[PDB]
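Encoded as structure tokens, the structure appears first; notes follow it.
Cβ placement follows ideal geometry from the backbone for every residue including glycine, while neighbour counts extend to all protein chains displayed. We did not get these values from a lab; they are worked out from the coordinates using the rules stated.
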Ligand SMILES: *[C@H](O)[C@H](C[C@@H]1CCNC1=O)NC(=O)[C@@H]1[C@H]2CCC[C@H]2CN1C(=O)OCc1ccccc1
Ligand SMILES: *[C@H](O)[C@H](C[C@@H]1CCNC1=O)NC(=O)[C@@H]1[C@H]2CCC[C@H]2CN1C(=O)OCc1ccccc1
């Protein structure tokens with residue numbers, strides 16, 4: 001019973017967080033095997049961050065200029081290199097707590113857990129969606145950069161996100177662990193536009209199925225629709241167009257509940273056109289789009 | 001920037017979760033030093049759970065009848081005892097991963113992290129408030145009982161909650177780690193009433209301060225009020241009465257923002273009387289009461 005925004009257990013990832021310091025700048029690094037990964041802007045003074053030439057800034061830096069601290073202890077840096085927007089610091093000690101892991105570039109609409117860190121210490125854990133405009137709605141202060149996003153598949157950690165910055169809308173942008181930004185963002189202090197924040201339609205539908213599984217069914221109506229008809233209404237509300245692959249992804253939830261995907265679409269259409277009329281679904285007064293179909297199945301079946 | 005419902009990092013607690021089996025019934029236990037704590041209803045068959053005589057049921061049980069599994073390995077049970085609604089199984093091995101810990105009976109309106117577990121394995125982590133009616137709004141299926149709620153204060157884990165059951169409203173009830181239920185609940189299969197779900201007024205105010213700190217200030221109005229005047233409007237909306245101790249608790253947030261507590265109260269009063277008019281605060285369309293003032297300070301100051 002009940003449906004909550006739920007992070008993965010963070011223990012495997014807590015054991016990989018270190019502190020990386022250059023000059024005055026301290027942020028978080030991810031220690032996997034004998035490599036520490038961190039945002040390249042660790043090398044920047046406050047002057048530099050307006051229009052930094054990272055190649056020129058890095059050339060002034062040697063191995064000994066990077067202080068890497070794993071709790072109590074100082075790691076010895078024996079090599080450094082820049083890959084896109086991340087620094088790879090080679091250290092003389094393999095992290096003995098290195099979990100089984102992969103680096104994955106996650107797709108828009110997929111979710112992951114953020115372990116928010118400061119000075120290489122965990123602050124807290126929460127779920128985020130990689131939004132269609134390649135932003136996330138996180139909670140990040142100064143010193144949070146290098147905090148990572150991950151998924152767990154049994155014992156394997158899939159790292160998909162490293163935190164680099166805030167946009168003027170109060171949303172967040174970062175890189176995969178190869179240092180390639182999600183979306184059109186760059187690591188300098190300029191006003192940067194994410195575009196239209198489109199709603200993840202397949203996730204809203206997944207969450208309406210979550211609501212029906214959990215006994216909230218007041219919004220189920222007597223109508224059906226077509227993909228082309230629904231999409232006309234999606235377009236108006238800045239919803240992602242629903243496609244046959246999305247209908248296929250929702251098939252197991254459609255089956256478990258006996259509500260056809262296009263019947264749920266008709267329900268969604270009436271909610272978009274009529275609002276909630278002061279009513280709530282799973283204790284929310286708006287349509288939630290940060291649960292994937294997998295998140296709904298995982299949570300409603302107790303996957304561990 | 002940004003404000004999220006954020007759990008503590010779960011690593012210290014992941015290391016204390018075990019599986020406890022009696023007959024057909026498997027649930028979660030908490031392994032601290034040489035003791036495993038679990039819900040006493042582990043001893044019940046499905047027949048028993050209607051009107052169980054736990055004293056009589058337990059008398060038929062010996063040490064060897066309790067299977068305790070720490071991942072791969074079987075723990076040897078060398079003693080068992082019932083304390084209120086929890087079983088204490090003495091095992092021949094101290095948990096080598098036992099963190100510094102305390103057991104605390106938490107107050108209504110205070111928050112904690114739930115590590116949702118099945119078969120002694122972590123599923124996920126989320127924040128809950130102990131509600132004024134001593135329920136929580138969690139996500140729990142069959143097999144989740146023995147899952148625990150905790151706070152962390154630097155390196156010390158404060159265990160405050162163990163999960164025992166679901167109420168007909170879809171909310172959850174459990175015990176402290178001494179096995180005393182929060183609220184009027186009993187561990188048997190009967191329809192049980194939590195009463196009126198009163199809103200945690202001091203937490204709503206904390207979250208309105210969170211909103212102002214994060215730049216959401218549209219709801220700030222030109223009026224002030226008095227405690228007695230506000231409370232007249234609180235009463236009508238099933239809000240907890242605001243007291244001088246609550247005003248004192250909000251003092252640091254009032255100071256940091258320069259908004260007097262009674263001015264924020266006047267804002268809240270207009271939101272209760274007028275609703276949101278289709279607007280949102282920190283990405284919510286209703287008033288959130290599951291952040292304590294401490295949760296707001298912790299999150300807005302990067303405590304680790
Ligand atoms: C890294 O710890 C930091 C994370 C930020 C701090 C405040 N919330 C958050 O998420 N990242 C930055 O401070 C980056 C830094 C690296 C690349 C360039 C600098 C500036 N910056 C940033 O976040 O820019 C914010 C901004 C917003 C509007 C207009 C200009 C700049
Ligand atoms: C423990 O794993 C289980 C947790 C429940 C299962 C479904 N969601 C959830 O939180 N607890 C129970 O199943 C308990 C069990 C122990 C004490 C008595 C039995 C029955 N039960 C329970 O949760 O009662 C639910 C209920 C609801 C309405 C009317 C009658 C009974």
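Annotations for the structure displayed:
- Residue match in the range A:14-35 (condition: within 13 Å of another protein chain (Cβ to nearest Cβ), touching a helix residue (DSSP H, G or I) at 6+ places or on another chain (Cβ under 6 Å) and under 30 Å from residue B:139 (Cβ atoms)): yes
- Odd one out for residue A:78 among (1) closer than 24 Å to residue B:4 by Cα; (2) in contact with a helix residue (DSSP H, G or I) (Cβ under 7 Å, 6 or more places away or on another chain); (3) away from ligand 1 (no atom under 16 Å from the Cβ): (1)
- Count of residues meeting criterion [away from ligand 2 (no atom under 16 Å from the Cβ) and touching a residue at least 24 places away in the same chain (Cβ under 8 Å)] in the range B:103-118: 10
- Residues located in the range B:196-228, provided they are over 21 Å from residue B:252 (Cβ atoms) and either free of Cβ contacts under 8 Å to residues at least 24 places away in the same chain or within 16 Å of ligand 2 (Cβ to nearest atom) (or both): B:222, B:228
- Taking the range B:232-275 as the region of interest, the helices (runs of 4 or more DSSP H) fully inside it that hold 1 or more residues being under 14 Å from residue B:213 (Cα atoms) are B:251-257, B:261-274.
- With respect to (1) within 10 Å of ligand 2 (Cβ to nearest atom); (2) surrounded by fewer than 22 Cβ atoms within 10 Å (Cβ to Cβ), the lone exception for residue B:121 is condition (1).
- The residue list A:114, A:125 contains one member that is within 12 Å of another protein chain (Cβ to nearest Cβ), within 30 Å of residue A:295 (Cβ to Cβ) and in contact with a helix residue (DSSP H, G or I) (Cβ under 9 Å, 6 or more places away or on another chain), which is A:125.
- Residues within the range B:135-181 that are over 9 Å from the mean Cα position of the chain (by Cα), part of a loop (DSSP other than H, G, I, E, B) and under 27 Å from residue A:211 (Cα atoms), tallied: 14
For every residue, the table says whether it meets (1) more than 9 Å from chain A (Cβ to nearest Cβ); (2) under 21 Å from residue A:303 (Cβ atoms); (3) touching a residue at least 12 places away in the same chain (Cβ under 8 Å); (4) within 16 Å of ligand 1 (Cβ to nearest atom).
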| residue | (1), (2), (3), (4) |
| --- | --- |
| B:141 | no, yes, yes, no |
| B:147 | yes, yes, yes, no |
| B:150 | yes, no, yes, no |
| B:155 | yes, no, yes, no |
| B:173 | yes, no, yes, no |
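- Subset of the range A:249-304 (residues that are away from chain B (no Cβ under 11 Å), free of Cβ contacts under 8 Å to residues at least 12 places away in the same chain and over 25 Å from residue A:112 (Cβ atoms)): A:255, A:258, A:274, A:277
- In the set (1) closer than 20 Å to residue B:174 by Cβ; (2) surrounded by 24 or more Cβ atoms within 10 Å (Cβ to Cβ); (3) at the interface with another protein chain (Cβ under 10 Å from one of its Cβ atoms), residue B:39 fails one condition alone, (3).
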